[PDB]
Amino acid sequence: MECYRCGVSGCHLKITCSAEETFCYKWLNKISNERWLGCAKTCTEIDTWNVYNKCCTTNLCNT
């Protein structure tokens, strides 16, 4: 599986997940609009004053 990740060129970059990294994350800073995307072994959904994070478990799901 792969997930999207972000760099200077945008958030369309692809990264291979290990077998244990069964999540793609999409972590958004609600204050700065920073996007943090990738593969992870653990993923907790978050919806606070400053953070939104969504978790998903299929290839390139963190659009």
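Hydrogens, waters and symmetry mates are skipped; everything else that's a heavy atom, side chains included, is used. Along the sequence shown, the residues carry numbers beginning at 1.
For residues 53-63, no residue pair satisfies the salt bridge (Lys or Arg N to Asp or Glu O under 4.0 Å) rule, not counting sequence neighbours.
For the atom pair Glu21 CD and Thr42 OG1, the distance stands at 9.5 Å (nearest 0.5 Å). Note that CD1 of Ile46 and SG of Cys55 are 7.5 Å apart. Values are rounded to the nearest 0.5 Å.
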For residues 1-9, please give each side-chain donor-acceptor pair under 3.5 Å, one per line with the distance, not counting sequence neighbours.
none

Kindly list each side-chain donor-acceptor pair under 3.5 angstrom involving residues 23-30, sequence neighbours excluded, with atom names and distances?
residue : atom : partner : partner atom : Å
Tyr25   : OH   : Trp36   : NE1          : 3.1
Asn29   : OD1  : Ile31   : N            : 2.8
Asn29   : OD1  : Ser32   : N            : 2.9
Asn29   : OD1  : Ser32   : OG           : 3.4
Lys30   : NZ   : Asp47   : OD1          : 2.7
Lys30   : NZ   : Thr48   : O            : 2.7

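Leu13 belongs to no hydrophobic cluster with other residues, because no ILVMFWY side-chain heavy atom falls under 4.5 Å from its own, directly or through intermediates.
Nearest heavy atom pair, residue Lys14 against residue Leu60, reads CG-CD2, 4.1 Å.
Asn53 places a side-chain N or O within donor-acceptor distance of the main-chain N or O of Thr44, the cut-off being under 3.5 Å.
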